[PDB]
């Protein structure tokens, strides 16, 4: 009397609706990957040949491409319902459009439960939202009952826009309460589904008695047993077998991100609800898997509707936005000033008491600004086509925790080859830097002043070498681009943020007219 459960799972799909390139960009080439149409095919084939199948999502369907900026989650609702997901745990980006952008459209229109056990409401609007979200759900699978408990990263307040009246509690403390409740209700098979990262997933697997399987996300973790099928590098076996405090192996799974893989885990339980076997591997959604015709047709219709989003006037510039190489790579460029003002504006989060905001600074290397925008071309009208010329790579702006000394080392790197025309020079917001190019490379920073966060009135204070700062920066720099090895982020100090063109476009739309100046954010001693 044993029970075989097949778990299919996705996480951090991040608005990759259409099939993508191998790097989950726009597929311009022959061999494409992922997309909902391909996922729908593999899910259907598995459901037709496997007896007991659960389809779970571990959060962060929101945010990532213009698909989310235009359809605002209606594309998530539509295809998750069409694919018949059995449950979804909330990710940090599901709060990107606030609690109203979560209620409408997601909470109001999904045909499956939305789970998050470690969220406590404190205001009337937040408690309205939480009425829609359950801490767990019992799902009938064949003759058996499977309990699924949700959880969401405690960093959602700093990463996204849940508002001040939504509290994110400790995952292990909240999950144990609902595991114990499920046990008393007679449910002996329990899956923890959530968006807090691989390390937190392993802690849950270790500490929460009664949890049999952990399905996570947030860290884009790729696990594989054997030689992986594409260019992602495995951080461990799939599933990762975490030894519990109870002396059992608890399978922990994630399936990378961007819909490139479909998680596929076969779990066998004994008749007491103990996992006796757990095996499988994430399925690479490459050209060998046919795109489902009906989903592909709906995508092809929606691509036509996206043309409105791409050619609509967002706003206007009344000044030349000087994104030429000669400007952005050699001195202060007013376009760089606008981009980093837009980035700071997008990361204004509910202040937690001792700060007017958790971050006040942004940087972007001149090499990341790929084109000017001419205000004389078409009455300064800005659409996504002009913004794509500036920011063509579909990257994000991320949050990096960084010591003052490290930050100052980045600004030394910013002018260590100044004059050679490469893309290092940092355009900034919330920073005043003074350079002396006469000096030897590595000693050209005269002074750095930054906008305080621990203040009621933002004001410029000297950078402190031993203090820890938050800084916004392009994903390219956070991966070490352009020799910025000291800006490289990891799971301990780095968080993936919002799409770059979406950040800038929203800002331009808010301003209506833009006229950024060269204002002395960087000063050359000459």
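Positions refer to the first chain, counted from 1.
The question of which stretch, 487-495 or 468-476, has the higher mean Cα B factor is settled in favour of 487-495. When the two stretches 395-403 and 89-97 are set side by side, the higher mean Cα temperature factor goes to 395-403. Residues shown: 301, 195, 78, 350. Highest C-alpha temperature factor in the entry: 350. Remark: of 426, 252, 384, 390, 384 shows the highest value [criterion: C-alpha B-factor in the PDB entry]. In this PDB entry, the Cα temperature factor of residue 125 sits in the top third of its chain's modelled residues, the highest group.
In this PDB entry, residue 10 carries a Cα temperature factor that places it within the lowest third of its chain's modelled residues. Residue 430: CA B factor in the lowest third of modelled residues in this chain (values from the PDB entry).
The deposited CA B-factor of residue 462 belongs to the middle third of values across its chain.
Annotation for residue 69: CA B-factor lies in the middle third of the chain's modelled residues.
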